[PDB]
$ cat run26.pdb   # PDB, C-alpha atoms
ATOM      1  CA  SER D   2      87.526  33.820  91.500  1.00  0.00           C
ATOM      2  CA  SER D   3      90.955  34.941  92.652  1.00  0.00           C
ATOM      3  CA  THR D   4      92.885  33.761  95.689  1.00  0.00           C
ATOM      4  CA  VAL D   5      92.553  36.096  98.674  1.00  0.00           C
ATOM      5  CA  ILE D   6      94.189  35.605 102.064  1.00  0.00           C
ATOM      6  CA  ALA D   7      91.827  38.283 103.443  1.00  0.00           C
ATOM      7  CA  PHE D   8      92.484  40.139 106.701  1.00  0.00           C
ATOM      8  CA  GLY D   9      90.894  38.057 109.468  1.00  0.00           C
ATOM      9  CA  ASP D  10      91.667  34.645 107.987  1.00  0.00           C
ATOM     10  CA  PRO D  11      93.727  32.337 110.236  1.00  0.00           C
ATOM     11  CA  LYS D  12      96.362  32.066 107.479  1.00  0.00           C
ATOM     12  CA  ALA D  13      97.392  35.745 107.674  1.00  0.00           C
ATOM     13  CA  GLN D  14     100.754  35.768 109.436  1.00  0.00           C
ATOM     14  CA  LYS D  15     101.548  38.350 112.103  1.00  0.00           C
ATOM     15  CA  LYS D  16     104.954  39.312 113.479  1.00  0.00           C
ATOM     16  CA  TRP D  17     105.801  40.628 116.938  1.00  0.00           C
ATOM     17  CA  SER D  18     108.467  43.220 117.662  1.00  0.00           C
ATOM     18  CA  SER D  19     111.175  41.933 119.986  1.00  0.00           C
ATOM     19  CA  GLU D  20     112.277  45.382 121.155  1.00  0.00           C
ATOM     20  CA  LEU D  21     110.336  46.958 124.015  1.00  0.00           C
ATOM     21  CA  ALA D  22     109.301  50.555 124.484  1.00  0.00           C
ATOM     22  CA  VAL D  23     109.991  51.620 128.062  1.00  0.00           C
ATOM     23  CA  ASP D  24     109.065  54.477 130.377  1.00  0.00           C
ATOM     24  CA  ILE D  25     112.376  56.232 130.955  1.00  0.00           C
ATOM     25  CA  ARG D  26     113.082  56.627 134.660  1.00  0.00           C
ATOM     26  CA  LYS D  27     112.264  60.045 136.078  1.00  0.00           C
ATOM     27  CA  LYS D  28     115.596  61.820 136.501  1.00  0.00           C
ATOM     28  CA  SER D  29     116.386  61.953 140.217  1.00  0.00           C
ATOM     29  CA  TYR D  30     117.692  65.296 141.446  1.00  0.00           C
ATOM     30  CA  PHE D  31     119.637  63.969 144.456  1.00  0.00           C
ATOM     31  CA  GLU D  32     122.203  61.918 142.558  1.00  0.00           C
ATOM     32  CA  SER D  33     125.604  60.800 143.874  1.00  0.00           C
ATOM     33  CA  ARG D  34     126.933  64.368 143.638  1.00  0.00           C
ATOM     34  CA  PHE D  35     125.040  65.532 146.723  1.00  0.00           C
ATOM     35  CA  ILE D  36     124.807  62.519 149.059  1.00  0.00           C
ATOM     36  CA  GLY D  37     128.380  62.312 150.310  1.00  0.00           C
ATOM     37  CA  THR D  38     129.932  61.378 153.636  1.00  0.00           C
ATOM     38  CA  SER D  39     132.176  64.452 153.502  1.00  0.00           C
ATOM     39  CA  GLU D  40     131.192  67.676 155.230  1.00  0.00           C
ATOM     40  CA  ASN D  41     130.724  69.655 151.997  1.00  0.00           C
ATOM     41  CA  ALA D  42     127.768  67.615 150.784  1.00  0.00           C
ATOM     42  CA  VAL D  43     124.139  68.728 150.710  1.00  0.00           C
ATOM     43  CA  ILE D  44     122.778  65.434 152.054  1.00  0.00           C
ATOM     44  CA  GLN D  45     125.289  64.101 154.564  1.00  0.00           C
ATOM     45  CA  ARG D  46     125.496  60.360 155.188  1.00  0.00           C
ATOM     46  CA  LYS D  47     125.800  58.977 158.713  1.00  0.00           C
ATOM     47  CA  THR D  48     127.869  55.782 158.659  1.00  0.00           C
ATOM     48  CA  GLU D  49     127.389  54.815 162.310  1.00  0.00           C
ATOM     49  CA  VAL D  50     124.855  51.994 162.016  1.00  0.00           C
ATOM     50  CA  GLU D  51     126.184  50.414 158.828  1.00  0.00           C
ATOM     51  CA  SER D  52     128.507  47.899 160.510  1.00  0.00           C
ATOM     52  CA  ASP D  53     127.026  48.053 164.026  1.00  0.00           C
TER
ATOM     53  CA  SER U   2      94.265 100.827  51.667  1.00  0.00           C
ATOM     54  CA  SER U   3      96.924  98.705  53.367  1.00  0.00           C
ATOM     55  CA  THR U   4      97.340  94.990  53.975  1.00  0.00           C
ATOM     56  CA  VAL U   5      96.486  94.391  57.622  1.00  0.00           C
ATOM     57  CA  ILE U   6      96.991  90.925  59.092  1.00  0.00           C
ATOM     58  CA  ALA U   7      94.517  91.499  61.901  1.00  0.00           C
ATOM     59  CA  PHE U   8      94.623  89.908  65.341  1.00  0.00           C
ATOM     60  CA  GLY U   9      91.970  87.300  64.552  1.00  0.00           C
ATOM     61  CA  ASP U  10      93.063  86.410  61.020  1.00  0.00           C
ATOM     62  CA  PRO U  11      93.958  82.718  60.537  1.00  0.00           C
ATOM     63  CA  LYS U  12      97.407  83.587  59.150  1.00  0.00           C
ATOM     64  CA  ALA U  13      98.582  85.056  62.473  1.00  0.00           C
ATOM     65  CA  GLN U  14     101.262  82.494  63.269  1.00  0.00           C
ATOM     66  CA  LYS U  15     101.819  81.472  66.881  1.00  0.00           C
ATOM     67  CA  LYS U  16     104.899  79.758  68.290  1.00  0.00           C
ATOM     68  CA  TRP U  17     104.534  77.284  71.136  1.00  0.00           C
ATOM     69  CA  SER U  18     107.473  77.066  73.530  1.00  0.00           C
ATOM     70  CA  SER U  19     109.347  73.850  74.268  1.00  0.00           C
ATOM     71  CA  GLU U  20     109.986  74.694  77.928  1.00  0.00           C
ATOM     72  CA  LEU U  21     107.087  73.613  80.143  1.00  0.00           C
ATOM     73  CA  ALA U  22     106.726  75.462  83.434  1.00  0.00           C
ATOM     74  CA  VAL U  23     105.998  73.089  86.313  1.00  0.00           C
ATOM     75  CA  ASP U  24     104.602  73.518  89.810  1.00  0.00           C
ATOM     76  CA  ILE U  25     107.273  72.924  92.430  1.00  0.00           C
ATOM     77  CA  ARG U  26     106.368  69.902  94.542  1.00  0.00           C
ATOM     78  CA  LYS U  27     105.617  70.535  98.202  1.00  0.00           C
ATOM     79  CA  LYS U  28     108.686  70.017 100.353  1.00  0.00           C
ATOM     80  CA  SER U  29     108.251  67.131 102.785  1.00  0.00           C
ATOM     81  CA  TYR U  30     109.044  67.772 106.431  1.00  0.00           C
ATOM     82  CA  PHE U  31     109.550  64.136 107.469  1.00  0.00           C
ATOM     83  CA  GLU U  32     112.744  63.376 105.572  1.00  0.00           C
ATOM     84  CA  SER U  33     115.270  60.693 106.515  1.00  0.00           C
ATOM     85  CA  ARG U  34     116.329  62.840 109.489  1.00  0.00           C
ATOM     86  CA  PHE U  35     113.278  61.760 111.496  1.00  0.00           C
ATOM     87  CA  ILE U  36     112.254  58.432 109.923  1.00  0.00           C
ATOM     88  CA  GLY U  37     114.921  56.099 111.274  1.00  0.00           C
ATOM     89  CA  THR U  38     115.218  52.809 113.094  1.00  0.00           C
ATOM     90  CA  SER U  39     116.215  52.362 116.759  1.00  0.00           C
ATOM     91  CA  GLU U  40     114.688  54.104 119.775  1.00  0.00           C
ATOM     92  CA  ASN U  41     115.894  57.679 119.240  1.00  0.00           C
ATOM     93  CA  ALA U  42     113.949  58.526 116.068  1.00  0.00           C
ATOM     94  CA  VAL U  43     110.714  60.517 116.173  1.00  0.00           C
ATOM     95  CA  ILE U  44     109.037  58.232 113.631  1.00  0.00           C
ATOM     96  CA  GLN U  45     110.655  54.815 113.926  1.00  0.00           C
ATOM     97  CA  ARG U  46     110.093  52.076 111.358  1.00  0.00           C
ATOM     98  CA  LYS U  47     109.500  48.459 112.349  1.00  0.00           C
ATOM     99  CA  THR U  48     111.770  46.231 110.267  1.00  0.00           C
ATOM    100  CA  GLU U  49     110.239  42.910 111.348  1.00  0.00           C
ATOM    101  CA  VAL U  50     107.792  42.727 108.437  1.00  0.00           C
ATOM    102  CA  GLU U  51     110.169  43.968 105.721  1.00  0.00           C
ATOM    103  CA  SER U  52     111.611  40.587 104.705  1.00  0.00           C
ATOM    104  CA  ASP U  53     109.351  38.059 106.445  1.00  0.00           C
TER
END
$ encode --input "run26.pdb" --output "structure tokens"
Amino acid sequence: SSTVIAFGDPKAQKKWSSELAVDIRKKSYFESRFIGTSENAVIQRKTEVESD
Amino acid sequence: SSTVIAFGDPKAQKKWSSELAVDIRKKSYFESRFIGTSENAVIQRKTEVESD
């Protein structure tokens, strides 16, 4: 014969990839540019109930 | 008459050319520009199994 490690034999080593594929976060439109406590900001912040 | 060395006579010497025309190999789209490691390559290569 001739030595064969075959495919499904328990002696056939397998290696796992350490690095993960990820689903990139969906880019959020309302970033820090808009939400601002100043008047000239699309989404104003009310700071009344933060410390009270 | 006149000595005619006709087209089909065995004495009609030919001369084969040294230069050999060659088909140009198909250009490959997936050069090293795409095939690269890391996340940002269209066709990434897993380097885990290269040495182990």
$ residues_around --input "run26.pdb" --residues "residue D:48" --least-positions-apart "2" --cutoff "12 Å" --atoms "only C-alpha atoms" --output "mmCIF file with C-alpha atoms, in the coordinates of the input"
data_model
loop_
_atom_site.group_PDB
_atom_site.id
_atom_site.type_symbol
_atom_site.label_atom_id
_atom_site.label_comp_id
_atom_site.auth_asym_id
_atom_site.auth_seq_id
_atom_site.Cartn_x
_atom_site.Cartn_y
_atom_site.Cartn_z
ATOM 1 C CA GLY D 37 128.380 62.312 150.310
ATOM 2 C CA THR D 38 129.932 61.378 153.636
ATOM 3 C CA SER D 39 132.176 64.452 153.502
ATOM 4 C CA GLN D 45 125.289 64.101 154.564
ATOM 5 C CA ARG D 46 125.496 60.360 155.188
ATOM 6 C CA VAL D 50 124.855 51.994 162.016
ATOM 7 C CA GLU D 51 126.184 50.414 158.828
ATOM 8 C CA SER D 52 128.507 47.899 160.510
ATOM 9 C CA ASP D 53 127.026 48.053 164.026
#
$ resolve_selection --input "run26.pdb" --expression "the PyMOL selection byres ((chain D) within 9 of (chain U))" --output "list in words"
residues 15, 16, 17, 18, 19 and 22 of chain D
$ axis_aligned_box --input "run26.pdb" --around "stretch 49-53 of chain U" --padding-each-side "4 Å" --output "JSON"
{"center_x": 109.7, "center_y": 41.0, "center_z": 108.0, "size_x": 11.8, "size_y": 13.9, "size_z": 14.6}
$ atom_distance --input "run26.pdb" --atom1 "atom CA of residue D:26" --atom2 "atom CA of residue U:43"
19.0 Å
$ atom_distance --input "run26.pdb" --atom1 "atom CA of residue D:8" --atom2 "atom CA of residue D:20"
25.1 Å
$ atom_distance --input "run26.pdb" --atom1 "atom CA of residue D:28" --atom2 "atom CA of residue D:42"
19.6 Å
$ closest_residue --input "run26.pdb" --among "D:14, D:7, D:2, D:44" --to "residue D:31" --atoms "all atoms listed in the file"
D:44
$ decode --input "run26.pdb" --residues "chain D" --atoms "C-alpha atoms" --output "short mmCIF file (atom, residue, chain, number, x, y, z; two decimals), in the first residue's frame"
data_model
loop_
_atom_site.label_atom_id
_atom_site.label_comp_id
_atom_site.auth_asym_id
_atom_site.auth_seq_id
_atom_site.Cartn_x
_atom_site.Cartn_y
_atom_site.Cartn_z
CA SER D 2 0.00 0.00 0.00
CA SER D 3 0.95 3.61 0.64
CA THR D 4 0.30 5.66 3.76
CA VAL D 5 -2.77 7.88 3.48
CA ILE D 6 -4.07 10.23 6.17
CA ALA D 7 -7.34 10.47 4.19
CA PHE D 8 -9.86 13.28 4.70
CA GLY D 9 -12.22 12.13 7.46
CA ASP D 10 -9.63 10.28 9.55
CA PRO D 11 -9.28 11.51 13.15
CA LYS D 12 -5.57 12.18 12.53
CA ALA D 13 -6.19 14.98 9.99
CA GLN D 14 -5.39 18.21 11.82
CA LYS D 15 -7.62 21.27 11.46
CA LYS D 16 -6.79 24.87 12.35
CA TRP D 17 -9.18 27.61 13.44
CA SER D 18 -8.83 31.26 12.48
CA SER D 19 -8.45 33.54 15.49
CA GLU D 20 -9.66 36.67 13.70
CA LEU D 21 -13.41 37.24 13.53
CA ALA D 22 -15.48 38.58 10.67
CA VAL D 23 -17.97 41.13 11.99
CA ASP D 24 -21.09 42.91 10.77
CA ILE D 25 -19.99 46.53 10.56
CA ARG D 26 -22.35 48.79 12.48
CA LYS D 27 -24.92 50.58 10.35
CA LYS D 28 -23.70 54.17 10.04
CA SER D 29 -25.95 56.35 12.20
CA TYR D 30 -27.04 59.60 10.57
CA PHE D 31 -27.62 61.57 13.80
CA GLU D 32 -24.03 61.61 15.04
CA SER D 33 -22.54 64.07 17.53
CA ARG D 34 -22.63 66.86 14.93
CA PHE D 35 -26.39 67.34 15.22
CA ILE D 36 -27.31 66.53 18.84
CA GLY D 37 -25.94 69.58 20.62
CA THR D 38 -27.11 71.60 23.60
CA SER D 39 -26.55 74.84 21.68
CA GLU D 40 -29.39 76.53 19.83
CA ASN D 41 -27.94 75.91 16.35
CA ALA D 42 -28.27 72.14 16.53
CA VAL D 43 -30.80 70.01 14.66
CA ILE D 44 -31.62 67.80 17.66
CA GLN D 45 -31.48 69.99 20.75
CA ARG D 46 -30.67 68.41 24.11
CA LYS D 47 -32.62 69.35 27.24
CA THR D 48 -30.33 69.17 30.27
CA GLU D 49 -32.98 69.80 32.93
CA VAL D 50 -33.48 66.30 34.35
CA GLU D 51 -29.87 65.14 34.18
CA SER D 52 -28.88 66.21 37.70
CA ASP D 53 -32.40 66.64 39.14
#
